[PDB]
Protein chains: 2
Amino acid sequence: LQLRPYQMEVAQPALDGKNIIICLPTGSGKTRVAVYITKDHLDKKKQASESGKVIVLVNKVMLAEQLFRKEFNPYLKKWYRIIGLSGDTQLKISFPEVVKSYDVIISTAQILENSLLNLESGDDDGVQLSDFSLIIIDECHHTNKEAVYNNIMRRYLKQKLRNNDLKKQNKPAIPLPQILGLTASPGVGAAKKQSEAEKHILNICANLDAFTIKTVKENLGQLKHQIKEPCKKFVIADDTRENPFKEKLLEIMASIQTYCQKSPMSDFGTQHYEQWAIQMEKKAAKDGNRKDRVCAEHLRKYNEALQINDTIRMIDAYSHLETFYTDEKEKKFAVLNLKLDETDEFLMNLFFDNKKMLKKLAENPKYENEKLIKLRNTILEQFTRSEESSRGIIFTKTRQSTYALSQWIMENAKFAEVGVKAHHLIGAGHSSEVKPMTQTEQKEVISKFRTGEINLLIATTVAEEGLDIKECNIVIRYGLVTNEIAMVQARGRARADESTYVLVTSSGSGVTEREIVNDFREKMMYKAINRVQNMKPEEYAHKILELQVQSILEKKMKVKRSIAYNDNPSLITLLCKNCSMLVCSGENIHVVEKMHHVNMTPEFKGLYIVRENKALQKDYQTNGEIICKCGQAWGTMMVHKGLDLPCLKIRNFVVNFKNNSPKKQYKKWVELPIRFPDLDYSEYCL
Amino acid sequence: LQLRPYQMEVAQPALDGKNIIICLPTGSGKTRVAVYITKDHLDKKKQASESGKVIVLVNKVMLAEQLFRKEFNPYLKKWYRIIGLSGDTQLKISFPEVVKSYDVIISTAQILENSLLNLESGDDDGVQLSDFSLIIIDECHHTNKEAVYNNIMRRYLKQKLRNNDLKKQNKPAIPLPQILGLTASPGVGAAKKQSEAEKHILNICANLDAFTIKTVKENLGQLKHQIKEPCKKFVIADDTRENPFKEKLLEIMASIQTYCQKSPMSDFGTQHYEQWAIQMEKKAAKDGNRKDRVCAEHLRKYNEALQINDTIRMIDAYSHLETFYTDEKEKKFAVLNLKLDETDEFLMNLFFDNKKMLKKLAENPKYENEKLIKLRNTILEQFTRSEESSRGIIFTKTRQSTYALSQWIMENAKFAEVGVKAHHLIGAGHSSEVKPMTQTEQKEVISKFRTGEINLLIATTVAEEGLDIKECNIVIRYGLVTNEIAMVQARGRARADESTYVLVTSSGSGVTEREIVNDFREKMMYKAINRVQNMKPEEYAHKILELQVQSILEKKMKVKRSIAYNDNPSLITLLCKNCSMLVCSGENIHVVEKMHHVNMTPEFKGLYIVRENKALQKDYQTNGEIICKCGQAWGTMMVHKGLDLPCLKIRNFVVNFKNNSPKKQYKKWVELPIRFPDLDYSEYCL
RNA sequence: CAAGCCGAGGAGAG
RNA sequence: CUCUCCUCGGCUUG
RNA sequence: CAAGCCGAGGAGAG
RNA sequence: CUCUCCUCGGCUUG
Ligand SMILES: Nc1ncnc2c1ncn2[C@@H]1O[C@H](COP(=O)(O)OP(=O)(O)O)[C@@H](O)[C@H]1O
Ligand SMILES: Nc1ncnc2c1ncn2[C@@H]1O[C@H](COP(=O)(O)OP(=O)(O)O)[C@@H](O)[C@H]1O
Ligand code: ALF
Ligand code: ALF
Ligand SMILES: [Zn+2]
Ligand SMILES: [Zn+2]
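Residues numbered from 1 in each chain as written, not as in the entry; some residues may be left out. Chains lettered and ligands numbered in written order. Heavy atoms only, no water. Residues with missing side-chain atoms left out of burial classes, pairs and counts.

In the PDB header, cryo-EM is given as the technique by which the entry was determined, and 3.86 Å as its resolution.

Chain A carries the name Interferon-induced helicase C domain-containing protein 1 in the PDB entry, which gives Mus musculus as its organism. Per UniProt, chain A carries the Sequence similarities text "Belongs to the helicase family. RLR subfamily." (UniProt positions renumbered as here; feature names shortened; annotations may be inferred.)

Given below as structure tokens:
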């Protein structure tokens, strides 16, 4: 209910009715400023007897829920009506009179965008920006290119231009709400010179229609006293050992490569090798030539294992290989539950003729890992010095890496002795080759991390922003560097004086250089903002108008082309990737809800096999996987109206046309230019 | 970390603070001397508590990356901060505080030149030479005329002259860094007498501000014992056969020539013929008279084929012709996808009425090639004598030649039997009529050549310098002689005792004489250096000062004229070269980023045809070629802001003016004196 | 809690 | 422009 | 990985 | 001074 002088100095111009942006460090009380501004604006509008509505837009459901339940509701419930929406709630069914029913709204931009789309094209009641008097946008740095924030503000700018036109012609013009953006680091984007950073900042300002930035410039000492930066540390690790297992991997790779008389132009263990393997497997699948598709797939698996070994223990890679190979053996045995294919035979024999030696080599404390030893030392020093008063975050690139680090931590008793309780955290996307984490589990782990029964976190890029996390004492980056904004957000985590920020990496990689470049970009952005804050109003307004007009017109020009697919379902046929054979046509495939592709015919039922659901394995089995006779996966099982149907994935097939047959693969249904009919139950019924 | 006595004797004067040059053979440890000198200089400056910064300038990104990752970083990382920059990295965004952040810098001269230009004219922070204490320039022989090295050292000399002036007037003068140049052969340039070589060496010294040369003069025996020169061999090949195919080429050439009643003043198969053909085609295109432009173009193609045959197999020339003719037929058929032009008709018929006989003649082991037989014998003898312990390099003039040699090698089983694994290597410039090689592929082939799975290389002038190559046993020059410096660099490749250097050529050409002249220049340069090393300091300094003053003043005088183009876009019109017709005007042409010329109008869209991208052909097609109705190419396709636009090449057009119309062709946009407007999306929009 | 569909952003390699 | 990795949002069948 | 722009150096022929 | 061949660097659109 009360603000600090450094908060007040930045908030004042907003209190005067000027739309602006506010860039403050992490944890400096931006939400406090937002709530105070909303209260003041509502009171001032009520004094004049004018309609007052305020809407807050965020990009995460968890953020909206937290802000409503902890910050906004407890402060304005006594005076105004507050509501918080998201995609997980049932209030969004009728949004327009959600709006007129309540005064303060917190939500995600997509809901309001959908309402606008319904109004402009749909027959629903719809909603307009004029219904609002104040719009708050947190994490405003995301307003770029064609994000939802950018679309909303594009509509706002179009309305502003229409009002400017109407100024000379009929009056009055359409009123527009005030705009308040919140952030900590707007970034520089792809900037290689100071002028590029200046242009990027001006573009952000024009997109958000900002009068100025209002960065702290007077109470710097008080702010620094309060929020204090950690000390930065670099850990560099080098090695010229760990030969045996890697050499064994390399020589088996050479054996498999010379089996197919294919010597790639690239070396082993690099992304270029993976790309070449993907290209070769794709070409082999298109041509239907076996003995190369599987070879490329196994080479890709070996490359992934080598990368994993380059980052973490050898047992992790061994586990990866054994999981893949055991799955293949189980699939083959289930199919055989006879003619074999020699290629899979020699591949399996090669893997199993050296499984024991690989396992023996993997267990060798002689050369385990330099980076892991450095991380062990860092964690132990920090925690032993904190006398049980420390908390830590570790940012890592991948998910399997998080699992490996967590289990590794639990296998060592020193972490428990010092009092270390670690947990992992990942995203919620089903497009990462691994079972994602659910929102409930994320909130739940965050809650226990807040309590303290969990000491340290092993998190992917989820944890930089949008999460309510108590200040930690140690921040670690395990070979992960993305950009300056993520760097700043991770750095701001290290409050709790006597906290430190460390980046651990090796010499071969260029991670340190990327971190340095991010630092350079930080200073470039600071200088750009410093210059921009002192620019003359006239030229500032001129350039903002120019940028807004250019953005709107280029959006118009780009949308012009988007108007643009012949429908010949019977023209195409589907072939299994490994065993090229006629699977089905485009006539037997039907669509449910225009979204689910399913084939429901008698003969097709006997062309596949059903397995158990591994996700539910670790009860009942509902969505079983679908595998081919060769062992190739086609899709899964679904139930519609209580009826069991198969759902297919286009990426598991090859398309053949009857006109000229340039067989092609589309990776998803939408890219397929042909249409499919909606389900008709008359076929194979009554 | 430790030096040899011959290295020490040359390094000592540098250790005393004297700027100098150092000329040593190839592979004698120049980088070792450089790193030791940098370490000693940094330590000595730190002893006196003085600012110390060292910058190394190179001319190739690969060289900088290699030097940083293999030589400098592993030796000074334990004491000093080392950084390596290039045009392929993101650290160059803010160079000045790259400089103050780090102590040791490795980079390409262009970056520092750009920083200086920004400081002197731009508003950026900028950089000055005074910020450095030591400047190392490798491959210093390139510092001549107006290379980047020469510009930097011109600035250095101007600063020195200003300091000399200020000596009598206000003091102190501006400090300057020490200068250390590295090379192996500074060369003689265009020298025809000993005095000319002396003048050239003095000019190089003055440009680099060198106290002396410091060439090895005492430990000659130890150096010779270590690095040993190969034995030089000349292979001369003569022939009075291979008539049929060449005579058939000549008689078809005569037929086409007498079709147009044009008997050139020159003979067939010489550069003078190609020049005359280019002049005739240019005049015909300017006059718009068809039946001569295409005739000249086909005559030029036949001349190129005859040259190729003069160097390599006949099938290579046959492939060249069939590629061109098949492309023409495909273009015509795609256009027709009707009125024909009799000229192309009889040309095509003439080509196709003898395709089979040409193919039959090309396959004839009776007379294949004398030079190729000699090369076969040389390679076989070397490799059979090396019992699988040899590596080889072959320097060839052109790229198609490298491809032909490589494929020829793979067609013969004797090379495989002896254990020969060959690979090719070319440059990375898109101005050689052939798709260039990329940097990644160059590094990658070099890596495998280092490993050994690739035995011999077929390389153009890329491989003489700037590449990390393990010593080879055989060096071959296949009819290629450029200058003494390239000769010395190629010769130095032949370490690995029992290595040999051979030049293969015929009697008609004057290649042997050019090689002999290069040897003469080598001895002339040696004598010039020997005299210069013994010159009296006073006259040496006097002449160096005179040369520096003369160079700076002539640069001033030349820059004076460079101050100097009316803008009448609507004045000109563009005509297709083959079919002279109104294509467009200078008003419908717009410019993107001041660099890309594009025409975006409705009527223009229907005036051209789109083909597939051959580079991507051997997926998706993004930059398709643009062809005319007559089959003439105009340009390609580009995408800006997601919008498909055509990009035109001026060399495919003829310019017509409305005042007096002296139609002219410019070969590139910059030479065109008129300006063009920047893209404005308002036209044909909204 | 499981399956599927669409769209968006960031990094790296080519 | 392509591939990979990572994140986010909305929508359906259960 | 594709396209385009600018500039520099070396050789040969004229 | 012109033409061709070869090499290099920097910068944009993707
Ligand atoms: N007026 C205030 N006086 C004292 N502490 C405050 C005040 N406002 C906020 N804080 C502190 O700041 C924290 C809230 O910061 P918050 O706004 O959530 O961070 P951010 O601005 O980075 O989102 C609270 O934990 C609280 O301790
Ligand atoms: N002090 C030394 N003792 C022994 N060998 C050395 C020494 N310094 C360099 N070398 C040899 O010289 C090579 C490095 O030469 P380098 O300086 O790269 O060649 P150049 O001077 O032609 O660039 C290495 O392969 C190494 O074997
Ligand atoms: F918005 Al913050 F830490 F910067 F919650
Ligand atoms: F500089 Al060298 F061989 F002469 F690398
Ligand atoms: Zn199958
Ligand atoms: Zn034409």
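Caption draft 1: View of the coordination of the zinc ion (ligand 6). All names here are of chain B. Of the protein atoms, only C576 (SG), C579 (SG), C628 (SG) and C630 (SG) coordinate the zinc ion (ligand 6), at distances of 2.3 Å. Coordination at the zinc ion (ligand 6) is tetrahedral, judged from the 4 donor atoms that bind it and the angles of 106 to 112° they form at the metal. On the basis of relative accessibility, which here comes to 17%, the residue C579 falls in the buried class. (Donors = N, O, S within 2.8 Å, 3.2 Å for Na, K, Ca; no water. Tetrahedral: all angles 85-135°; square planar, octahedral: opposite > 155°, others 65-115°. Buried < 20%, exposed > 50% of the residue type's maximum accessible area, 1.4 Å probe, protein only.)

Caption draft 2: Quick peek at the protein's contact with RNA strand F. Residue and element names in this part refer to chain B. Around RNA strand F lies a shell of 28 residues, among which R399, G427, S432, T461 and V639 are the nearest. The sugar-phosphate backbone supplies 96% of the atoms of RNA strand F found within 4 Å of the protein. Contact between RNA strand F and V61: a phosphate oxygen at 3.4 Å from a main-chain N or O atom of the residue. In this structure, a sugar or linking oxygen belonging to RNA strand F sits 3.5 Å away from a side-chain N or O atom of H596. Those elements that place two or more of their residues in the surface near RNA strand F are α5 (109–120), α10 (271–287) and β19 (633–640). Residues that form the surface near RNA strand F fall into these classes: 7 nonpolar, 12 polar and 9 charged. (Near = heavy atom within 4 Å. Polar contact = N/O pair within 3.5 Å; in protein donor to acceptor, adjacent residues only side chain to side chain. Helix = DSSP H or I, 4+ residues; strand = E, 2+ residues; numbered from the N terminus. Nonpolar A, V, L, I, M, F, W, Y, C, P; charged D, E, K, R; others polar.)

Caption draft 3: Looking closely at the pairing of strand β4 (residues 104–108) of chain B. The buried count for β4(B) comes to 5 of 5 residues, which makes it a mostly enclosed element. The alternating pattern of β4(B) places B:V104, B:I106 and B:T108 and B:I105 and B:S107 on opposite faces, both of which are buried.

Caption draft 4: Region of interest: the protein's contact with RNA strand D. Residue and element names in this part refer to chain A. As a structural note, the neighbourhood of RNA strand D is formed by 29 residues, with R399, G427, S432, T461 and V639 the closest of them. In the environment of RNA strand D, a phosphate oxygen lies 2.6 Å from a nitrogen or oxygen atom belonging to the side chain of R399. A distance of 2.8 Å separates a phosphate oxygen of RNA strand D from a polar backbone atom of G427. Where the surface near RNA strand D is concerned, the elements lending two or more residues are α5 (109–120), α10 (271–287) and β19 (633–640). Of the residues that constitute the surface near RNA strand D, the class distribution is 7 nonpolar, 13 polar and 9 charged.

Caption draft 5: Fine view of the UniProt feature "binding site: Zn(2+)" in chain A. Residue and element names in this part refer to chain A. The positions that UniProt labels "binding site: Zn(2+)" are, in the present scheme, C576, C579, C628 and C630. Positionally, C579 belongs in the loop between β13 (572–576) and β14 (582–585). Tracing the chain through its elements places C628 in the loop between β18 (625–627) and β19. For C628, the contacting residues outside a window of four places in its chain are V335, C576, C579, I609 and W634. (Contact = heavy atoms within 4.5 Å.)

Caption draft 6: Representation of the interface of chain B and chain A within the structure. The interface of chain B with chain A comprises 25 residues on the first partner and 26 residues on the second. Within the side of chain B that touches chain A, the residues separate by chemical class into 11 nonpolar, 6 polar and 8 charged.

Caption draft 7: Highlighting the packing of aromatic side chains. All chains considered together, the criterion is met by 18 aromatic pairs over all chains. Ring geometry for B:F351 versus B:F352: centroids 5.0 Å apart, planes at 75°, classification edge-to-face. Given the relative accessible area of 4%, B:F351 is considered buried. Using a relative accessible area of 35% as the deciding quantity, one classes B:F352 as partly exposed. Ring centres of B:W408 and B:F415 lie 5.9 Å apart, and the angle between their planes is 70°; on these two criteria the pair is classed as edge-to-face. Judged by its relative accessible area of 10%, B:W408 is buried. In this structure B:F415 comes out as buried when scored by relative accessible area, which is 2%. Joined through ring pairs, the aromatic side chains of A:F324, A:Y325, A:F351 and A:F352 make up one cluster. Directly above the ring of A:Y478 sits A:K371, whose terminal nitrogen or CZ lies 4.5 Å from the centroid. Over the ring of B:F211 we find B:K18; its NZ or CZ atom is 4.8 Å from the centre of that ring. (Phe/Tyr/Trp six-rings, centres within 6.5 Å; stacked < 30°, edge-to-face > 60°. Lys NZ or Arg CZ within 6 Å of the ring centre and 35° of its normal.)

Caption draft 8: Inspection of the site of ligand 2 at higher detail. Residues and elements named next belong to chain B. Near ligand 2 you find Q2, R4, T26, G27, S28, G29, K30, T31 and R32, and these make up its full shell. Between ligand 2 and the protein, one listed contact pairs a nitrogen atom with a side-chain N or O atom of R4 at 2.9 Å. Taken together, the residues that form the shell around ligand 2 break down as no nonpolar, 6 polar and 3 charged.

Caption draft 9: Spotlight on the pattern of salt bridges. What the rule picks out here adds up to 47 salt bridges over all chains. Residue B:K332 pairs with B:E345 through a salt bridge whose shortest N-O separation is 3.0 Å. Among the ionic contacts, a cluster of salt bridges with common partners joins A:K53, A:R81 and A:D103. (Salt bridge = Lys/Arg side-chain N within 4 Å of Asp/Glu carboxyl O.)

Caption draft 10: Structural context of helix α11 (residues 293–311) of chain A. In this model α11(A) runs 27 Å from its N-terminal to its C-terminal C-alpha over 19 residues, within 8% of the 27 Å that 1.5 Å per residue would give. For α11(A), the tally of buried residues reaches 14 of 19 residues, placing the bulk of the element in the interior. (Expected span 1.5 Å × (residues − 1).)

Caption draft 11: Region of interest: unusual backbone geometry. For the peptide bond that leads from A:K171 to A:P172, omega is 5°, which places it in the cis range. Residue placement: A:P172 occurs in the loop between α6 (148–168) and β6 (178–183). One non-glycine residue with positive phi stands out, namely B:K214, at about 55°. Tracing the sequence through the fold places B:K214 in the loop between α7 (194–208) and α8 (220–226).

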